[PDB]
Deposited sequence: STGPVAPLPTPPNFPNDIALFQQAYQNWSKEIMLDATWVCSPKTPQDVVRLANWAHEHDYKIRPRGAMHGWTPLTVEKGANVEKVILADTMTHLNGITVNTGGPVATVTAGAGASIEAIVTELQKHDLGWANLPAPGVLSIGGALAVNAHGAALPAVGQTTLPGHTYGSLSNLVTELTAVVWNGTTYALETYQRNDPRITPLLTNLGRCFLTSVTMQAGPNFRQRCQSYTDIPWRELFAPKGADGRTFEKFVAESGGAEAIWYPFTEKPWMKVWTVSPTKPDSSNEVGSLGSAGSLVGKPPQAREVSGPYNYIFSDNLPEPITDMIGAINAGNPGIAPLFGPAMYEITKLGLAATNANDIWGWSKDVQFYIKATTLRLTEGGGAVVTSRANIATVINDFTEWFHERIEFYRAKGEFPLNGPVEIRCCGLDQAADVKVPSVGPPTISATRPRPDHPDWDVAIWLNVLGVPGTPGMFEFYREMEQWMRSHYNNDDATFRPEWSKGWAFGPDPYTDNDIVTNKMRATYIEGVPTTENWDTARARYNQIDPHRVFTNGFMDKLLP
């Protein structure tokens, strides 16, 4: 690969390396980018000032799992961009148990698994964890990362825990900010009006460290079911049988993975226990995360199907879905993983980077908890109709599963330190005009990158969701980390990117704390737009 132009008078003590860039899904691949690993937060400041003086941009580089082009854009000229790998050195972790609520301070490059592993050593933990522990905390906060957790009916939220996004747990953070004449480190407390836009910032701000509250750790069971027909699981409100709503009411945490052209989803249900005290007799105790080995490692017949699909055989979809379901059903049985139990992190962390690479569509439906069944029944029935509609024309734009899970919102009551409010632009931010809306229902669809017609379908779905879930009883918000603004390619519908996202985030909230308030804060902190790229300029001018 041709060497990139040498950056002018780059700091001599900050080593620069030319490396390729590839996000997890591999949808974003650049043969060359400049990368460095700042040893301390002050080195990021030095980078920012150097970047400003030479018209270069700086992007923090976490675990590179990002689908949304917030680091680098596909095919973009990055001759004037420096990527700052934060996981090399900015990964310190310190637990603070002296105060009103326990907290943990971590460099922005520390992985969430590393953070919660340390919390576990102090009998502490987080209630709503994202599925993969490899994510950097900086990258997780940037998109209001979350899990599939909700408290069961009657279950109280323990002091320190939140069922909203990880962004709601921040008690303080430090970022590189313009002080009027130069960039410098600045720290903000949760009771500081200037902090809310920074809690979920999409990488528009460069965080060097964060402090987050933690609640007591807890034991949790995770039961899997693959014997419930989809129409029963996703039935109308009040239906009898093994319904999604009944699982959420009884256990709180739940996630369904429904493979294309299959009869029964893989349903996971998490239940908190009331040192084996509380372990269900039938459950297998685990002492580590990632207990679904069959999903993080696929056999030849399956890898061959994936290879053939990539070679231009989308018609394999009707065989691929069932094959994935069978691997799951058989794998869960063979490894005795249908009923496991252990500490929170061990049953909530279940996705390894080795899982099949997929791209996603869909989003979040913010509404009242009593509306869960209806939202899910409507979506699944619509999806079912659409996939068959295309099959009827000999088209297979969908070869990945439908994934559905709910969690809470960034409730103010969960914050145990003085606070001015929830993250300004998190999809999990409560709606003031609708106090009864207390859950976020994540409706996602996954598919193999490059599948013909897939993005056209995601656009069709995005349009249906916006029209269907924006009413007096619910609001639709794209999941920042996934695909959205499909035009048809994700992030290319100019009207959605430059007008509708703003509209979504000014709706129902004060003019003193909305999308515009956030943009203003981001620009005040970085008036020279050092922490941006082309896409960010369209989304957050």
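No C-alpha positions are given in the record for the deposited-sequence stretches 1-4, 279-294.
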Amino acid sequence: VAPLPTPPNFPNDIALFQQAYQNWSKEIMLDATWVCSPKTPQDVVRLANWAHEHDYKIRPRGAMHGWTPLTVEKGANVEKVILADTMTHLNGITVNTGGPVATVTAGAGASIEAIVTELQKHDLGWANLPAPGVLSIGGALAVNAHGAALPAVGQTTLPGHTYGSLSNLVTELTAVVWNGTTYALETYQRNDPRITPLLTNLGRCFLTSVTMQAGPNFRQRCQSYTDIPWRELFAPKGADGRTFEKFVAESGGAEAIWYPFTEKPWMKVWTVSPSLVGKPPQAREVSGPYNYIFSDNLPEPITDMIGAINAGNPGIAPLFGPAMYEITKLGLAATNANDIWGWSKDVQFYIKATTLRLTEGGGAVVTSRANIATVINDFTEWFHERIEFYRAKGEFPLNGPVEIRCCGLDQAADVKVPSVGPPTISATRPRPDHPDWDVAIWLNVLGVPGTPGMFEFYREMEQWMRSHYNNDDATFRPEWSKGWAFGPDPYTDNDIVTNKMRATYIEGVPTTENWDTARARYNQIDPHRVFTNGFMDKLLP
From here on, numbers count along this sequence of modelled residues.
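Between the stretches 314-322 and 363-371, it is 363-371 that shows the larger average CA temperature factor. The mean Cα B-factor in the deposited entry runs higher for 4-12 than for the other of 531-539 and 4-12. Per the PDB entry, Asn297 shows the highest C-alpha temperature factor of the residues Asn297, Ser165, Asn399, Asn336.
Per the deposited record, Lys416 carries the highest C-alpha B-factor of all listed residues (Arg231, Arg405, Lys416, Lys329).
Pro69: CA B factor lies in the lowest third for its chain, per the PDB record. Ranked by Cα temperature factor within the chain, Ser481 sits in the lowest third according to the deposited record. In this PDB entry, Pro197 carries a Cα temperature factor that places it within the middle third of its chain's modelled residues. Looking at the C-alpha B-factors along this chain, the one for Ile58 belongs to the middle third. The deposited CA B-factor of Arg391 belongs to the lowest third of values across its chain.
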